[PDB]
Structures are given as structure tokens and as C-alpha cells.
Amino acid sequence: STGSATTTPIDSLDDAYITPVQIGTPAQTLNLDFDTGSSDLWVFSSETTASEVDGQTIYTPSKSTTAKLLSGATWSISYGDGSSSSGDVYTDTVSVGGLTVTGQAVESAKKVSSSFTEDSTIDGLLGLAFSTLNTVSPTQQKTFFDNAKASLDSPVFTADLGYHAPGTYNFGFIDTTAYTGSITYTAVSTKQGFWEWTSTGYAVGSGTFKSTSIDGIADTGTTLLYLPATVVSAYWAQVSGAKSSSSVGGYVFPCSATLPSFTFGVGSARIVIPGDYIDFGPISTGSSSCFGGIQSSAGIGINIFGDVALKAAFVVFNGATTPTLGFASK
Ligand SMILES: CN(Cc1ccccc1)Cc1cc(C[C@H]2CNCC[C@H]2CC(=O)Nc2nccs2)no1
């Protein structure tokens, strides 16, 4: 089997991407944030505290004839910012782009933090990291990809995120028309539960490539590119007027600037992020100070190849017995 679904930016800045997912019988379609940095499939639901729902579509398990309460199971997640959610668990039928999993754990939110309530366009998350990170207790549950894997034509999924445009998540096959040149594969460590890999270095604009190992995670659920302070400083030094602002919480730059590209290494291959991918617009409405899309990872503890990086590539998440990651230009 295979699946193919379109993923769509939630706003004009590509802050996140939503992908429609069918849950239950009859289908209830929710727009989920596919997140390769986490491993829970959780949704706003009929059980979510009413005051914490503001526009989201909800999953109502009582209306699904294939929903079964997973007795005693709870979940609770705290993501890397300050956001959180928690609740109970059903198993149900879940389909993505024509690919169907029966008995998928669907984690129903009873509580969500304000940041999620404020995201009217995001009905929940679909985790695509390794199942070792799944938070369900007392019996950990598998991700959608792990459940589907054995049935797929090939044990892979791909992310093809658009810049200011829709893109695609494919399961079970490589669309050879979706990229240029070849796919360069690189080793993954699953020790922290992430799609963790090591970039071979970087260039800023037309500058010379710096060979240096940068360990980080491929994370579709993070908006920006978080890299070591030395690398980030080198990038922003090429933008006149750019500075790190403690009050704003990162590098900002004059909205009148032309941003240079940023290149990252994948083995001997090179992925080029165009300068305009690095613009996240005015820090507040009407401001002429703009927020940068490349930021320091120093306060995080890990480097993160988020959407800013990933949307410059066609990315293969290879779930073979020894997983690997593939990157192609497009
Ligand atoms: C990428 N820019 C950088 C920036 C930083 C500062 C100034 C400009 C630009 C940050 C950014 C903004 C947004 C969209 C916002 C929409 N309103 C509510 C807040 C935002 C939505 C949001 O953060 N949801 C969350 N859910 C869970 C955890 S956080 N998503 O990201």
C-alpha cells in the first residue's frame, strides 16, 4: 500500500503545515500537524474542556462505530516551548491520503494549553518520530507510520514542504518526479527517539563552504532552523543591521534587507535555502524590524532542522531496519 496527502501552510509565513486525516467510521476529517519530532497522534475532541476549544474541529469518538476506549490509558505531553496537552486514548481507524491503519491509538485531549487553543487551524498533531517517544501510559503506543510500515510498498515516508505553497507527504513510495538530481542518504541515530543526523557543514550566500559536523534533528513540527551560535552569528553578520534582540527573543533584521541564502551539507551534497525562506516578517504588526528564520540552538540543547531547512528539500524518512534520512534538491 501507499498514501499521498497534500500539506498546506496555516498562514502566509509558513508557521506550520496542516494535513487532512480521516479518523473513525464514518470518517471525521481533522487537519493535523505532521510532526517528525514527536510520536503522539492527539486531537481536539468532544472531551476537550470547552473553554479551551476556539475554532478547532473535534473528534467525537461516541459517533465512531470503530472507536474503542483503550482502558486505563492516559497521555500527557510537554513540548519544547511551554505548550502542553493531555487526555485519554481510543483506538480507531485512521487514514492519510488513502492509506488506512486500523487500531491506531488516537489520543483524545481533555486539556490543552493556551498556545494550542489559539491555533484555530490545527486540530491536533500526528507524530512521526520513533515510537519510543510515545507518551501513552501504562502501555506505550505506536505511531501511524510504525503501524502502517509492514503494509507499505517500501518502509518510508517523504516530506515535500512548500514555500508559501502546498506540498506533499507520501507514504510507502518515492515520487521520482518530485526532486532534481539524486537523493543523498545519511546516517540516523535513533538514540533520542528522533530522526537525528549529522550535517557536513554550511555556507552563507556565495561564501565558501565550511566543513563542520552539525548534529541535529529533522523536525517538520518546528518552524525555524536552529543551529549553533557560531553558525548563526556568521549568517546574520552578512545582513546589514541585523542583531540578536533579547527582548524579541532572537535575531531580527531590517525588513528592507535582502537576505542571503544558507546552504547546508548532506554528505557531499548541498541543499540551498533561498534567502526569502529566512524571512518571518515584522516582529509586530507594522514594524520595520523582521524576525529571522535562522536562530541559535544554544537555549535548546539540540540543533533543529525545522521547516525553514526541510522545505528547501525533498526529504526521505527511511524506516528500514537501520533507518536513514535522504535529501534531494527540488
Ligand atoms: C515563527 N515565528 C517567528 C517570530 C517570532 C516573533 C515575531 C515574529 C516572528 C513565530 C510564530 C508565530 C506563529 C503564529 C502565531 C499565531 N498566534 C498565536 C501564536 C502563534 C502560534 C503558535 O505559536 N502556536 C503554538 N502552538 C503550540 C505551541 S506555540 N507561529 O510561529
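Note that each Cβ is placed from the backbone with ideal geometry, even for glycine, and that neighbours are counted across all protein chains shown. Bear in mind these aren't lab numbers, they're just calculated from the coordinates by the rules spelled out.
So if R0 is 51 Å, what FRET efficiency would residue 322 and residue 71 give, r being the distance between their Cβ atoms, rounded to the nearest 0.05? Walk me through the numbers before you get to the answer.
Details: r = 36 Å, r/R0 = 0.70.
With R0 = 51 Å, the Cβ-Cβ based efficiency is 0.90.
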Antiparallel DSSP bridges in segment 5-174: what percent, to the nearest 5? 85
Footprinting proxy, 283, 23, 273, 18: sorted fewest to most Cβ within 10 Å, the residues are 283, 18, 273, 23
Exposure proxy ranking, count of Cβ atoms within 10 Å, fewest first, for 107, 118: 118, 107
So if each residue of separation counts as 0.36 nm, and I subtract the Cα-Cα distance between residue 153 and residue 237, what length gain in nm does that give? 25.6 nm
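Hey, what did segment 142-259 get for relative contact order, percent, Cα under 8 Å, at least 6 apart? The partial results should precede the final answer.
Working: 112 pairs, mean separation 13.6, N = 118.
About 12 percent, as a whole number.
With r as the distance between the Cβ atoms of residue 63 and residue 245 and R0 = 41 Å, compute the FRET efficiency 1/(1 + (r/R0)^6) and round to 0.05. Walk me through the numbers before you get to the answer.
Working: r = 48 Å, r/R0 = 1.17.
Plugging the Cβ-Cβ distance into 1/(1 + (r/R0)^6) gives 0.30.
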Considering Cα pairs under 8 angstrom that are at least six residues apart, work out the relative contact order of segment 5-174 and quote it in whole percent. 28
Hey, can you grab everything whose amide H is under 5 Å from the amide H of residue 212? Only 5+ residues off in sequence or another chain; H modelled, so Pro and N-termini drop out. 201, 202
In whole Å, how far is the Cα centre of segment 35-82 from that of segment 134-157? 17
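Given charges of +1 on the Cβ of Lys and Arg and -1 on the Cβ of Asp and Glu, with all other atoms neutral, how large is the dipole of the chain about its Cα centre, in debye to the nearest 20?
Values: 12 positive and 26 negative charges, 133 e Å.
That gives the chain a dipole magnitude of about 640 debye.
Quick check for me: using +1 on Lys/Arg Cβ and -1 on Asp/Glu Cβ, what's the dipole size of segment 5-174 about its Cα centre, in debye to the nearest 20? Let's see the in-between values first.
On the way: 6 positive and 19 negative charges, 140 e Å.
Dipole of segment 5-174, to the nearest 20 debye: 680 debye.
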Checking the a/c ratio against 1.5 first, then a/b against b/c, what shape does the Cα gyration tensor give for segment 1-123? oblate
Select from 218, 105, 237 the residue whose mean-square fluctuation is largest in a Gaussian network model of the chain (Cα-Cα springs shorter than 10 Å). 237
Got the relative contact order for the chain handy, in percent, Cα pairs under 8 Å and 6 or more residues apart? 19
Taking 0.36 nm per residue of sequence separation and subtracting the Cα-Cα distance, how much length would be gained by fully extending the chain between residue 285 and residue 256, in nm to one decimal? 8.9 nm
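Note down the Stokes-Einstein diffusion coefficient of the chain in µm²/s, whole number, using a Kirkwood radius over alpha carbon pairs, 4 °C, and 1.567 mPa s.
Details: Rh = 20.3 Å.
Estimated via Stokes-Einstein, D reaches 64 µm²/s.
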Inter-site label distance for residue 176 and residue 230 at 7 Å from Cα along Cβ, in nm: 4.1
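What ranking of 302, 174 emerges when the number of other C-beta atoms within 10 Å of each C-beta is taken as an exposure proxy, fewest first?
On the way: 302 15, 174 19.
Neighbour counts put them in this order, fewest first: 302, 174.
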Expected unfolding gain across residue 29-residue 83 under the 0.36 nm per residue rule, minus the alpha-carbon gap, is 17.0 nm
Under the Karplus relation with 6.51, -1.76 and 1.60 and θ = phi - 60°, whole-Hz ³J(HN,Hα) for segment 201-208, x at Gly and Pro, equal x, 7, 9, 10, x, 8, x, 6
